[PDB]
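Take a look at the letters that make up each chain.
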Amino acid sequence: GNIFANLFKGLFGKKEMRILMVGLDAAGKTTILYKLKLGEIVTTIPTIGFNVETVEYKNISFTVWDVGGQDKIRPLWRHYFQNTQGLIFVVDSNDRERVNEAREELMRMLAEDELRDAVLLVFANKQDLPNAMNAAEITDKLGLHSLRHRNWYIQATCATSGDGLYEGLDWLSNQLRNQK
Amino acid sequence: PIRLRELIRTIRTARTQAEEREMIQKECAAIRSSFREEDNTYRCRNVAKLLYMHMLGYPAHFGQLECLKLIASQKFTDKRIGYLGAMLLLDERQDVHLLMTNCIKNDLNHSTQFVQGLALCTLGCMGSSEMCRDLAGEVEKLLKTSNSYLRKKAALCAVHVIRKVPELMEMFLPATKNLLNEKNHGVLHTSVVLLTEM
Amino acid sequence: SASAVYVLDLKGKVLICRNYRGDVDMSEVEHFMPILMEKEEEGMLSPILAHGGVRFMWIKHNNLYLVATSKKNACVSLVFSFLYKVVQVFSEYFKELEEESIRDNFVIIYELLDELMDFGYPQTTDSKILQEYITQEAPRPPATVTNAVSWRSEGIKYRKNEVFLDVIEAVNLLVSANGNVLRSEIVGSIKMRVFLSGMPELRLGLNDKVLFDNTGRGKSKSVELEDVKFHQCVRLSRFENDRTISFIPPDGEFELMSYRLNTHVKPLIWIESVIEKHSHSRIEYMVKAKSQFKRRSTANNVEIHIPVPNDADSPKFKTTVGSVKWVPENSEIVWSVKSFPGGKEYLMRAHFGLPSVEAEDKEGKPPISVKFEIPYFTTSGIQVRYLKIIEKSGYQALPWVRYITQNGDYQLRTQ
Amino acid sequence: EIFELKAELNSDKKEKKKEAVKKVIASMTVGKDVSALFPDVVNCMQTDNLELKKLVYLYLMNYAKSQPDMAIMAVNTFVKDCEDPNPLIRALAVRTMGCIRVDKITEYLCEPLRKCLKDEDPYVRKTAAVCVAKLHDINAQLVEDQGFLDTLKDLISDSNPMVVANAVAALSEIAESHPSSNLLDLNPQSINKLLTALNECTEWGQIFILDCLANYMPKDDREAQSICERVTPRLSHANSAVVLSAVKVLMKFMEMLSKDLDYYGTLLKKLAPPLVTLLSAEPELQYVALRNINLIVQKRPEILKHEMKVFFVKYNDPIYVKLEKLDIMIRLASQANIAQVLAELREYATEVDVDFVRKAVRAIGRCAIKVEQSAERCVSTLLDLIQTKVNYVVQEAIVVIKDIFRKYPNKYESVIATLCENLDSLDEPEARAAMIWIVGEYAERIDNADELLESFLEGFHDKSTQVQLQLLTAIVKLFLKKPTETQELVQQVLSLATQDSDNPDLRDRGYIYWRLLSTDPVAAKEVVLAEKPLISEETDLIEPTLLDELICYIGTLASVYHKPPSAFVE
Amino acid sequence: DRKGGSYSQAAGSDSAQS
Amino acid sequence: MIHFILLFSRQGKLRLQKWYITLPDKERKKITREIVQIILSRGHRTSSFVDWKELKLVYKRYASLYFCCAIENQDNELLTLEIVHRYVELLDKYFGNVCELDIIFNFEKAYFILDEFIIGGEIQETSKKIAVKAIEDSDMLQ
Amino acid sequence: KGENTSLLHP
Ligand SMILES: Nc1nc2c(ncn2[C@@H]2O[C@H](COP(=O)(O)OP(=O)(O)OP(=O)(O)O)[C@@H](O)[C@H]2O)c(=O)[nH]1
Ligand SMILES: [Mg+2]
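Residues numbered from 1 in each chain as written, not as in the entry; some residues may be left out. Chains lettered and ligands numbered in written order. Part of a larger assembly, values for the part shown. Heavy atoms only, no water. Residues with missing side-chain atoms left out of burial classes, pairs and counts.

This deposited entry lists cryo-EM as its structure determination method and 20 Å as its resolution.

### Looking at the overall build of chain A
When its secondary structure is counted, chain A shows five helices and six strands. Listing every helix and strand of chain A by position from the N terminus yields α-β-α-β-β-β-α-β-α-β-α. Taken over the C-alpha trace, chain A has a radius of gyration of 16 Å; the compact-globule value for 180 residues is 16 Å, and the two agree within 12%. On the principal axes, the C-alpha backbone points of chain A span a range of 60 × 35 × 30 Å. The contacts of chain A with a sequence gap of at least 6 include a subset with a gap of at least 24, amounting to 77%. (Helix = DSSP H or I, 4+ residues; strand = E, 2+ residues; numbered from the N terminus. Rg over C-alpha atoms; globule rule 2.2 N^0.38 Å. Contact = heavy atoms within 4.5 Å.)

### Points about the overall build of chain D
Scanning chain D for helices and strands turns up 31 helices and zero strands. Taking 570 residues into account, the globule formula puts the C-alpha radius of gyration at 25 Å, and chain D, at 34 Å, lies well above it. The dimensions of chain D, computed from C-alpha atoms along their principal axes, are 105 × 70 × 45 Å.

### What to know about the sheet that holds strand 10 (residues 201-206) of chain C
Either a parallel or an antiparallel arrangement is found when strands of a sheet pair, and the pairing is made through backbone hydrogen bonds. All names here are of chain C. Reading across from one edge, 12-10-23 is the order of the three strands in this open sheet, with antiparallel pairing throughout. The open sheet terminates on both sides in strands that have one partner only, identified here as strand 12 (245-247) and strand 23 (384-390). If you compare each strand with its neighbour and ignore which way they point, the axes differ by 15° on average. Summarising the sheet, strand 10 and strand 12 pair through three bridges and their orientation is antiparallel. (Pairing = 2+ DSSP bridges. Axes fitted to C-alpha atoms, helices over the stretch in contact; angles between N-to-C directions.)

### Comments concerning the UniProt feature "binding site: Mg(2+)" (unreviewed entry) in chain A
Residues and elements named next belong to chain A. When the UniProt feature table is mapped to this numbering, "binding site: Mg(2+)" (unreviewed entry) covers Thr-30 and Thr-47. A stretch of 18 residues holds the annotated residues, and the largest C-alpha distance among them is 8.0 Å, short enough that they meet in one place. Examined against the element boundaries, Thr-30 turns out to sit in helix 2 (residues 29-37). Among the structural elements, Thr-47 can be located in the loop between helix 2 and strand 2 (50-57). (UniProt positions renumbered as here; feature names shortened; annotations may be inferred.)

### Overview of the interface of chain E and chain C
Each side of the interface is counted separately: chain E has 10 residues, and chain C has 12 residues. Each residue belonging to the side of chain E that touches chain C can be placed in one class, and the counts come to three nonpolar, seven polar and no charged. Sheet topology note: the strand 24 (residues 398-407) of chain C/strand 1 (residues 8-9) of chain E ladder contains two bridges and is antiparallel. Looking at the pairing, C:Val401 lines up with E:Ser8 of strand 1 of chain E. (Nonpolar A, V, L, I, M, F, W, Y, C, P; charged D, E, K, R; others polar.)

### Some points on the sheet that holds strand 4 (residues 89-92) of chain A
All names here are of chain A. In spatial order, the strands read 1-4-5-6; together these four strands make up an open sheet with parallel pairing. Across the chains shown, the open sheet's two edge strands, defined by having one partner strand only, are strand 1 (22-23) and strand 6 (154-156). One ladder, built from three bridges, connects strand 5 (residues 122-125) with strand 6; its direction is parallel. Paired with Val-122 across the strands is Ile-154, a residue of strand 6.

### Some details on the interface of chain B and chain F
In many analyses, interface size is given as the accessible surface area lost on bringing the parts together. Every contact between the two is made by five residues of chain B and, on the other side, five residues of chain F. Put simply, the parts of the chain that give the side of chain B that touches chain F at least two residues each are helix 5 (76-89) and helix 7 (113-125) of chain B. Each residue belonging to the side of chain B that touches chain F can be placed in one class, and the counts come to two nonpolar, three polar and no charged.

### Some words on unusual backbone geometry
Not every positive phi belongs to a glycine, and A:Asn83 is a case in point at roughly 60°. Relative to the assigned elements, A:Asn83 resides in the loop between strand 3 (60-67) and strand 4. At F:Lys53, a residue that is not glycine, the phi angle is positive and equals roughly 60°. Following the sequence through the fold, F:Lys53 ends up in the loop between strand 3 (49-52) and strand 4 (55-58).

### Some thoughts on the pairing of strand 10 of chain C
Where strand 10 of chain C lies against strand 23 of chain C, six bridges are found, and the strand directions are antiparallel. Paired with C:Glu201 across the strands is C:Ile390, a residue of strand 23 of chain C.

### Here we look at the environment of C:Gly408
Residues and elements named next belong to chain C. If you trace the backbone, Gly-408 turns up in the loop between strand 24 and strand 25 (411-412). When the C-alpha atoms of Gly-408 and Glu-169 are compared, they prove to be 8.3 Å apart, with 239 residues separating the residues in sequence. Not counting the four nearest positions on each side in its chain, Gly-408 is found in contact with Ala-170, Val-171 and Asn-172.

### Things to note about the environment of F:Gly121
For F:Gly121, the position within the fold is in the loop between strand 6 (118-119) and strand 7 (122-123). Residue contacts for F:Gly121: discarding those within four places in its chain leaves F:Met1 and F:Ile2.

As structure tokens, then:
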């Protein structure tokens, strides 16, 4: 066999990668996806089903599959677990009562033997109010350090501002791609 | 990606029931292999083959997520294939149409008159007890428009919602008032049917 | 006591019919198809139907059902034997048993049907004997049918006198899911292709346990055949008297004796398979094949069928020896091995995906069946001792025989 | 088409006549009514070529009843062909003469039949013997007048073993329809002569030779011993029907044999290998073999006592064979192979056939009821099946538990707690009624019997008559046993079954229960909650009179269906 | 050669049993 | 409203199926088999109307392949036949000399035409040219 | 055949 075509394609960029968008409802997941794709704070109705989009950055097509946090859609996250390489968790630091529910949902989704190669991606959404915690208090409460064989990274992203999205994208690219 | 005509000819070439079942399984294996790779180019052919196999009497449970993925796609052929799959292999008792509510809502505000019409037809054909609850607001918005080609679809969707949800008829009374003067025969027939149902 | 022997098709059309008594109307065949359809759709379908006072007993052929209508209390076993004889005659005359020859060989088919049975009582069933009086390409009937010897035509002459034997073994193992074997029986099959001049009276002699005990040599390796079924040429009285197997071999290939005795030894091939099937996520097949047979024997064309999931897709096979391929038509993993030396150990690690949506109905757990076939290996240990070929004219025969060991009903129950 | 075919058949060219005959034969096989051209083909009948004569004879036989009047133009041709030097032509003419169902044609065929009865050719003799039987079946009076019985009887005592077997079969067929008057039975010399030609008969002649002995009844042990010794070699025949016929003959002869002698033991030992060999036959004959084993199992169950491994149903076995395998295992089930039977039933409960699962459950229940030593194992298997979360399996387990409790309820109190909460939402009438009966009769180990019956009383007025009766009986039993927690429940049941219940039997039962409660509640304990006697299990063994008659009818339609020969023929 | 084991010549009778 | 529409061939094979009632797959298959058996076991002078399961099952086949419908007992019977004839005419006009061969291969086109004509069991376009024009415009979109 | 025939023959 010959791999000349593959080498030629990789000389200018061939890897695309994937990504997932899961978390509690009203956690800034749709707004974060809109900011990553377009770059504006778009107001949308609650995600009854799901939203599928793609982001082109660093020569990698970062496809984002937004998943709602509805009760009827919480157990539907297993549908996107098939043929999935990445996973992004959106935390809701502005909902103290919903923080436990989000942590339980993340633990349930992380306790499946089918989703093992998807590295952890914790995004601190709603990072605009004083009640939002830091990048370590939320991780300590969620116990991200206790996830064996899981590469998790906590990043604070402001839905209204958009700061920290570039850092999260760079971290995801570094975790997915292991080349120069 | 085998074409629909080729699959139909292959099915017709089978004489014995066992041979036909073996051919159907051989085609379904390739279809499942293509679907597991997240194929998006020849997805329409795979969807058509799966629908043909299901209509001939073969299981099509594995081809449920593919139809949902194609419903939220952008291609017209892919959207039509997804709508046909949802109408055929999707029902209220399927339990996988809950995620289709978001796709229907997204396609309900589409500027194209074909995607929105297809979504409305699919919603009317496979209306559920919960889909109409979260889709009643959007149905009434399209019923007050002046689109002759969409007025009949809106009337049919409202009739289907009323049949599925008898308590939602109160939201259609102020929308069907002063709608008996439509020049088009289809719009008048839809209005008469809606009035009779109410 | 069949009333009318007819041949049906896959669409319910009677390819050919031949009434023998006329006590059953020819229009009753039309109701056989609806009756069969109703029986199949309700699980009550049986080879013997019942259309009111007429019973339609027939078997299922390759492409048509040879249904033989009857009205009285006819022998069902006799009808089945007649149908089997007719099928064998058709196979001998026509290489293919399908609708292609039914509509093309009617001229000879009608003559064969008329000559085979008269008034519902068959009289001639030997294909070799019947081929000398009914041909598709007529002289007086041969004296073999009238004579006692109806399985060896007289006057056969050949340049050489060579008889080829075939000691084919059938290793059938019924291993339960617990790991133990329930039904482990080996059925012998001595098929010989006799090609000699004249009408020799073969005197088959083997190392039978009963014969060794009678002669006083019941201490060496003797085959303990629980059931021995001799052919028509084999004299039952001679075998019953002193275990003397004396019979006239026929012209061609035929089954002389069919031994069948239980086996209490370990299986030749041991399959240790595991199923690490995740709940709608993936599946693992840690199947290991252990060859318990002698190292001097090689199991050529070893095919251990591993039943994989019906809806499994994107499967991966991590084996050691032999090619592993998944056939979606059969819904199983075929562990095909070309050469399997005795004592070898092949390990495979299957890995296939599964759809997220669960199946609507259960599919069952078909047993895993191996297709091992080791030639020149006799599991039962029975060896041919002598073959007394005696001819009135006097000639030096050159008998030959080969031992072939294969797998019969060697299925392994799944977990 | 028709005109062209008639013109071709009415020509002087043999090449066109043969083509016309072939086309006519193909049209009849293709399903074309060619009986209108029967008179045209009559002229082209006396032909030298044997290829066209057979087709003409077949057309006449198939077009004889349709046009009996036009068949009068073939008696002379048949008479001429009955004297041809070639044995094949004479045999074909004899077969065609007997195959024609013409009342005015068989009368003139007596002379050719008589001439061919003493034919030197064995094929001609067999053809004449077949034609005599055909004529007797068509017209018994004509055959009796022609005196063919004497000629048929002398056929058995002549040479030509195939012809002798054919004559014996024809005589048996004639006597089968005969009223038993002037039977063709023979003394021991005839039996010995038939046995002497049995070893020289063909595969088909063996059945004819062995069927004759099925009617004769031996009178002495020496004659029976000789018959058994001569039929012993038949057990090693490649033909499946020959082995079955030999087994039936041996079973019939064993009725006169003496068990004190060693002949009975040798016959029993030599019959098991034959049954084992027959069990490995074709799937079509598998049902026949299973029926024969079941028929002979109820008569001589000591032969196949140790044959249990071979009764296991295979994965590729047919439904008709799989169902019979369970019945065979149940009939041969014993404490020696109780564990093997339980293991086989457990594996058979994991299949996908609903009918197969029900049959396996019924077989397991029958084995548990028949053998009390495996009652605990059967109960454990039923509990595991119920815990398997299968609707059909759950119903089968509930039915099995209900059946076992009525038979062996002394130590069945350890399973009531497990069955108290076992998915009682199933709506199967055969399972809900059984559960209600078990709760009512076993309302001692369950502390929530009244609470459980509350859910079943919501629709007692419209559930079913049997279900309503079972619920009323359970409520009455609970009130009699524990009237403190079911005092209002009994009154509610009486009100619902006596006022709103329109069932006649149910209304009468409710009225009787109310009268008993209002007359003497203390006496209701000794009247309603009394110790019922031992329940007589339904024995599956056939009646001895039917078994003896079924023994002689082995391998026929009366044996597979397990019915008398006169209860299924028309 | 032939698959399933090479054919071997057979004896005439039990020479050791007379 | 039409509960379900099933286009079955004379041999019993079904070339089209569109049910407006959410029923189980096994139940739907059993209902289709029963409808095929009833239609296949009926003469040519049965009035083309069958009261099966309290449903006015109207059968009117103009060729080898037959047609079926399930209309509730609240409307006229000739309306179903008129709707079936109009649908057949529209399909013939859209396809052009429609035969059994084009139905099996062009099942997607027939399904799209049925969806654009009848939605939810009720009629959507009374005219025969407006529906054809809409179908052509939708097909030309790509 | 019987399938190539037009449904209505128009
Ligand atoms: N004003 C403001 N609102 C925010 C911010 N971050 C998150 N939110 C809230 O988060 C919600 C985001 O919802 P969407 O963007 O539509 O998508 P989502 O996060 O998946 O929410 P659901 O659709 O309900 O599942 C908004 O409705 C906001 O109320 C923020 O930075 N500023
Ligand atoms: Mg969202």
